[PDB]
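Read the single chain below, which is given as structure tokens and is the form deposited in one PDB entry.
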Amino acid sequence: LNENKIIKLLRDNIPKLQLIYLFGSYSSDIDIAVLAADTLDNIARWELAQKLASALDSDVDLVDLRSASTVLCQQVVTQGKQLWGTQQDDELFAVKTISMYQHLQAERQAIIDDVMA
């Protein structure tokens, strides 16, 4: 992965960008998460994914952390590799993510227990 291509492509296209994470198998698809000051238009985000897809000659899943689920925010915080953004913003995002996830586990554990026999 040319991380610089990923960094540039998302800086040139995402207003007020704050964090970029590479996550998934590469840290099928290259899984990339971004956090900006606003949530991105869902269609615009898919189209920006395909531009990254073309430039990296591979499938790309671009996740907007401002509108992504708690479960998948937790995965980005657990396994992700930060490629851009300050150390402060990463630690803020982690503490908010990790806390919300422990709260969600309390709410839904009875559901996961019943679906896993």
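Residues that one form lacks are left out of the comparison. C-alpha atoms forming the largest set that superposes within 1.5 Å between two forms make up the rigid core. Sequential numbering from 1, following the sequence displayed.
FYI, the form deposited in another entry isn't displayed, but the following is about it.
Core-superposed comparison between this form and the one not shown: the Cα of residue 11 travels 2 Å or more. In the core-superposed comparison between this form and the one not shown, the C-alpha atom of residue 21 has shifted by at least 2 angstroms.
Between this form and the other one, the CA-CA gap for residue 10 and residue 47 widens by 3 Å or more, being larger in the other form. Here's the thing about residue 15 and residue 78: their CA atoms end up at least 3 Å closer in the other form than they are in this form. Core-superposed comparison between this form and the one not shown: one run of at least three consecutive shared residues with Cα shifts of 2 Å or more is located, at 3-27.
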